[PDB]
Amino acid sequence: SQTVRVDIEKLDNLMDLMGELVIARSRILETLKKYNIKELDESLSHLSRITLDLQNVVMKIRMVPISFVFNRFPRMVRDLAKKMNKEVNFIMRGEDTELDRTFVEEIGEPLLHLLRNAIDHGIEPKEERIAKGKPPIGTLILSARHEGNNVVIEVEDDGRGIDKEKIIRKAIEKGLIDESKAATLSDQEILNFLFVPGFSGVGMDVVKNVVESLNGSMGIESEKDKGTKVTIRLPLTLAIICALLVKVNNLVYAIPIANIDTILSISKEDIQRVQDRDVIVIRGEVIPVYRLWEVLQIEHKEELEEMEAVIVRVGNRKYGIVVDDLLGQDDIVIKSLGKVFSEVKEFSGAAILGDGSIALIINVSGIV
Amino acid sequence: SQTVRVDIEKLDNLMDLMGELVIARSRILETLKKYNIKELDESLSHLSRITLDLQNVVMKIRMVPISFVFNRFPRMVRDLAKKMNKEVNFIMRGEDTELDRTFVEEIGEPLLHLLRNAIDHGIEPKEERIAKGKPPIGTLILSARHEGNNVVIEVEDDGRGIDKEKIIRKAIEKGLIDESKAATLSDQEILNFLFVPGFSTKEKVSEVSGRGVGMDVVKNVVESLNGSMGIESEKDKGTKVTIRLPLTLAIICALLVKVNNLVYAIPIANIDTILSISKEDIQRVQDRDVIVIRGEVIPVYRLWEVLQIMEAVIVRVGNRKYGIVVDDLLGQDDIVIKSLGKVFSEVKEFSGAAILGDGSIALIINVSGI
Ligand SMILES: [Hg+2]
Ligand SMILES: [Hg+2]
Numbered sequence: 293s294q295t296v297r298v299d300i301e302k303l304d305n306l307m308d309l310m311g312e313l314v315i316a317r318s319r320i321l322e323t324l325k326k327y328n329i330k331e332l333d334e335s336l337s338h339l340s341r342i343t344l345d346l347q348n349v350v351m352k353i354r355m356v357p358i359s360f361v362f363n364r365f366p367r368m369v370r371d372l373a374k375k376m377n378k379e380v381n382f383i384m385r386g387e388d389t390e391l392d393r394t395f396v397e398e399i400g401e402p403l404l405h406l407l408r409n410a411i412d413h414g415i416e417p418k419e420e421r422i423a424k425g426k427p428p429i430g431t432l433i434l435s436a437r438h439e440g441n442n443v444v445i446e447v448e449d450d451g452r453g454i455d456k457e458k459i460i461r462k463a464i465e466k467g468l469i470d471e472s473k474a475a476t477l478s479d480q481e482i483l484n485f486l487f488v489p490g491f492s504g505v506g507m508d509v510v511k512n513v514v515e516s517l518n519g520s521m522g523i524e525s526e527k528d529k530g531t532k533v534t535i536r537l538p539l540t541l542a543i544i545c546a547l548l549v550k551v552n553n554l555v556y557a558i559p560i561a562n563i564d565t566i567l568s569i570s571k572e573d574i575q576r577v578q579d580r581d582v583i584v585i586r587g588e589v590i591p592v593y594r595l596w597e598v599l600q601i602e603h604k605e606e607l608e609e610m611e612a613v614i615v616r617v618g619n620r621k622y623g624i625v626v627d628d629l630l631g632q633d634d635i636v637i638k639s640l641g642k643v644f645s646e647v648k649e650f651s652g653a654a655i656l657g658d659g660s661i662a663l664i665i666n667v668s669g670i671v
Numbered sequence: 293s294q295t296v297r298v299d300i301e302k303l304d305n306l307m308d309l310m311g312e313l314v315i316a317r318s319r320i321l322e323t324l325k326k327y328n329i330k331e332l333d334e335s336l337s338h339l340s341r342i343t344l345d346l347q348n349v350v351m352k353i354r355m356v357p358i359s360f361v362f363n364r365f366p367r368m369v370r371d372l373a374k375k376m377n378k379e380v381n382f383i384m385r386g387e388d389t390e391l392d393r394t395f396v397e398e399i400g401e402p403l404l405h406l407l408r409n410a411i412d413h414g415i416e417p418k419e420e421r422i423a424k425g426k427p428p429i430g431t432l433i434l435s436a437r438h439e440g441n442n443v444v445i446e447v448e449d450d451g452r453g454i455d456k457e458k459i460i461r462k463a464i465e466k467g468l469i470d471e472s473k474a475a476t477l478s479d480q481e482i483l484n485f486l487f488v489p490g491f492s493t494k495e496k497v498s499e500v501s502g503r504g505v506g507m508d509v510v511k512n513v514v515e516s517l518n519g520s521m522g523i524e525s526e527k528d529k530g531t532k533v534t535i536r537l538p539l540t541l542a543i544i545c546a547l548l549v550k551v552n553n554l555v556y557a558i559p560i561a562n563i564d565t566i567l568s569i570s571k572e573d574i575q576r577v578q579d580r581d582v583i584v585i586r587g588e589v590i591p592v593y594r595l596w597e598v599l600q601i610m611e612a613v614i615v616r617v618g619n620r621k622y623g624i625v626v627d628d629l630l631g632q633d634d635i636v637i638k639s640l641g642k643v644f645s646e647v648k649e650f651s652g653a654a655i656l657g658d659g660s661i662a663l664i665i666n667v668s669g670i
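Residue numbers (the entry's author numbering), protein chains in the order written: chain A, 293 to 492, 504 to 671; chain B, 293 to 601, 610 to 670.
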């Protein structure tokens, strides 16, 4: 039995292609469910059979059980526990959950930081433990599982929580928070502060950096004196999302339909500048407009008296993206270029359109 | 980001699956065209683009530069030039041309034969060259390139080439032709007498050491890879032998037949008719077994007898029209031919094998080899 040296790029093409295939299949299947010709069904079923089996084989080439990374943790946790004179009940779940070989080497250290973090500022000393009337032995859980097109990983504990007020008063000092906008902030955007470089040595920002370079996402959930639950979501296979194709200076960009609110057709008189940015008011609501070409360091090419503004949506605050044209909707395959786009504020990645072409994905959050 | 070592067992599934996808695409398109469907043209065009792109990257992976086999030739040619007391100007081109890994191991020996052949009986001794007014030093070119889903390897001469009249003369003595009559067939047609086993030397395939390999054997190897061989020569000008090798999958329609519970495939291209028959219809004349169809006495062979342990698959090879007896037919099927090399090379009965939808191996029968 032999093996062959295969370039990592080739395995990436296979991945993209498979994702493309998933979409092609699905579409041809949907555009002809009405016809009820037995000969046709049997051909469709064959296509799907081969398509599904093809995806399987690519997965086998790329997948690996998360055991690889998980296995070394109990001992490390056992030892981190000794140094900090505190006993902990460590529990791992779904160690057999499979993920991309690429992830094993990289997710290892970020996961350790979360476990260590839990053992320091999570689980409290036996003194506090008893004062709050919580069990003497603390609980630390590392979970792994599949959900949709994501390899989900969570680290849970019954520590001291986070105390959101600690973050508010601490954030009011340096930059961002004023004070009256803090009392109007969502509960997740305070736990999100935890990622800003100036807070809380390694931090917590560096962990999210890694998970993002892998095209994954990180989340925090905590309750004062109850515990903390940090979630990491990793792509299982490539991500397929519906997007709005937009044209600017003849180039095509994609805006995730998920973030889109409604599309306007604003004019020049319709714009009014207030200090640093331009804005439009819609039903008494102030929405800051941004010309995509100004954001991408590009040039003007005939200012159309009637412009089109894709009004986007961030958690609680919304904006507007003025573009040249609106090509239409499209199901697209997001490429594994995490390392590449994680450094760019303007884009969140590159996608593969049905066309067969590549379009950058406008990163709405990075344009505020 | 370097590389990753993948099991060939998985990479082989990709080869088989990609075959099925192509076939699965044509199947669906055909059935669509039958019942007349039109709205599915864009999504279908995408599928085909993807299908095509998948095939390429899947092939590309197994590929490697021909420079793997080419690089060892200069020294070998320099050495073969020494033994024959003759200097040669050897030139290689397109060493960077890629082809399937399978071919590297197999194409090596066949190409050495052509090089040696050229250096030996092709380029004349220096005295002769100055007498014919050709540059004293002989030239030999070994080149490769891509010419539309094929790797074209060429070995070219400056030598004496070969005289068509000298071969016709021998083709006369032993069977092949008339004193002149049939000889009026195109120059290319008359060069293939070099691909006949009995030509040039003696026959044992094991007997290479002490006599030679034989031009016919080179053709067989390149064909077992599903390639094609061609020759071109001009008296006292030179010789150019071309070898073509497929860059993609070869899909042919074949008749699946069963013998002793094993499945064999007979290329539909040959079969002219299929009819059910019984033991009593097989009349044994000389040593041969035959059947009578509308009064035509037709030669017949029991497949389990040709190999080693009823339906009559009448085929047509050139002039020959004979039948192949089997236990039962398992209908038609589009199959993908797989590369092996020195495997089915010596076996005349087979021209290779194909993989079936269910994952079972199906030996493809060589009609002309019976
Ligand atoms: Hg869509
Ligand atoms: Hg067929």
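The beta-carbon is built from N, C-alpha and C at its ideal position, and this holds for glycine as well.
Non-local beta-carbon contacts of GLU515 of chain A in its own chain, meaning distances under 8 Å to residues more than five positions away in sequence, involve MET521, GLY641 and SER645 in chain order.
Shortest gap from the CB of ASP634 of chain A to any heavy atom of ligand 1: under 6 Å.
Inclusion of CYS545 of chain B in the 6 Å shell around ligand 2 follows from its C-beta lying nearer than that to a non-hydrogen atom of the ligand. Within the DSSP secondary-structure output, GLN600 of chain A pairs in no beta bridge.
Cβ-Cβ separation between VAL613 of chain A and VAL671 of chain A: approximately 15 Å, too far for a contact (criterion under 8 Å). Counted as a single uninterrupted DSSP element, the stretch harbouring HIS438 of chain B is not any alpha helix (DSSP H) but the beta strand (DSSP E) occupying residues 430-438. Collapsing the DSSP output to three states places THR493 of chain B in coil. Cα atoms of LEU537 of chain B and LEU403 of chain B: separation of roughly 13 Å, rounded to the nearest angstrom. Burial check for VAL643 of chain A: the Cβ neighbour count within 10 Å stays below 16, so the residue is exposed. Within the same chain, Cβ atoms closer than 6 Å to the Cβ of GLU448 of chain B are found at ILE433 and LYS532, the five residues on either side in sequence being excluded.
Minimum Cα-Cα distance from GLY311 of chain A among the listed residues A:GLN347, A:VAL617, A:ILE300 and A:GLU301 corresponds to A:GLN347. By the neighbour-count criterion, in which 16 or more other beta carbons inside 10 Å mark a residue as buried, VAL577 of chain B falls on the exposed side. Comparing C-alpha distances from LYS638 of chain A to each of A:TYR593, A:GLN575, A:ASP308 and A:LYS571 shows the shortest one belongs to A:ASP308. With contacts defined as CB atoms closer than 7 Å, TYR556 of chain B and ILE469 of chain B fail to qualify as a contacting pair. Annotation: Cβ neighbours of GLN294 of chain A in chain B (cutoff 7 Å, chain order): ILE300. The beta-carbon separation of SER435 of chain B and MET384 of chain B, rounded to 7 Å, stays under the 8 Å limit for a contact.
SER335 of chain B belongs to the set of residues whose beta carbon lies under 7 Å from a beta carbon in chain A. Across the set A:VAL298, A:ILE320 and A:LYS375, the C-alpha of A:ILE320 shows the shortest separation from the C-alpha of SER337 of chain A. Counting along the chain, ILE563 of chain B sits inside the beta strand (DSSP E) bounded by residues 563-568.
Taken atom to atom, the span from the alpha-carbon of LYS418 of chain B to that of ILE353 of chain A is near 58 Å.
About 6 Å separates the Cβ atoms of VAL444 of chain B and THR534 of chain B, confirming a contact at the 8 Å cut-off.
Not a single CB atom of chain A sits nearer than 7 Å to the CB of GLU401 of chain B. Contact of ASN305 of chain B with chain A by beta-carbon distance below 7 Å involves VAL349. Between the segment 366-385 of chain A and the segment 315-332 of chain A there are fewer than three inter-stretch CB-CB distances shorter than 8 Å, so the stretches are not counted as touching. Contact note: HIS405 of chain B does not reach chain A at a C-beta cutoff of 8 Å; the least C-beta distance is about 28 Å.
Assigned with DSSP and collapsed to three states, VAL314 of chain A falls in helix. Residues of the segment 615-637 of chain A that bring their beta carbon within less than 9 Å of a beta carbon in chain B are absent altogether. Put simply, the CB of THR540 of chain A is far from chain B, with every gap to its CB atoms at 7 Å or more. According to the DSSP assignment, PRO417 of chain B belongs to no beta strand (DSSP E), since it is labelled neither H nor E. For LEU309 of chain A, the chain B residues whose Cβ falls inside 8 Å of its Cβ are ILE342, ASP345, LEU346 and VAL349, in order along the chain.
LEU391 of chain B has B:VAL356 as its beta-bridge partners, per DSSP. Looking at B:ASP392, B:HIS438, B:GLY414 and B:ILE329, the one whose alpha-carbon comes closest to that of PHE360 of chain B is B:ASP392. Assignment of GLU605 of chain A by DSSP, reduced to helix, strand and coil, places it in the coil class.
Counting C-beta pairs closer than 8 Å gives three or more between the segment 522-530 of chain B and the segment 453-470 of chain B, which meets the contact rule.
Following the DSSP letters along the chain, one finds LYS532 of chain B inside the beta strand (DSSP E) bounded by residues 530-538.
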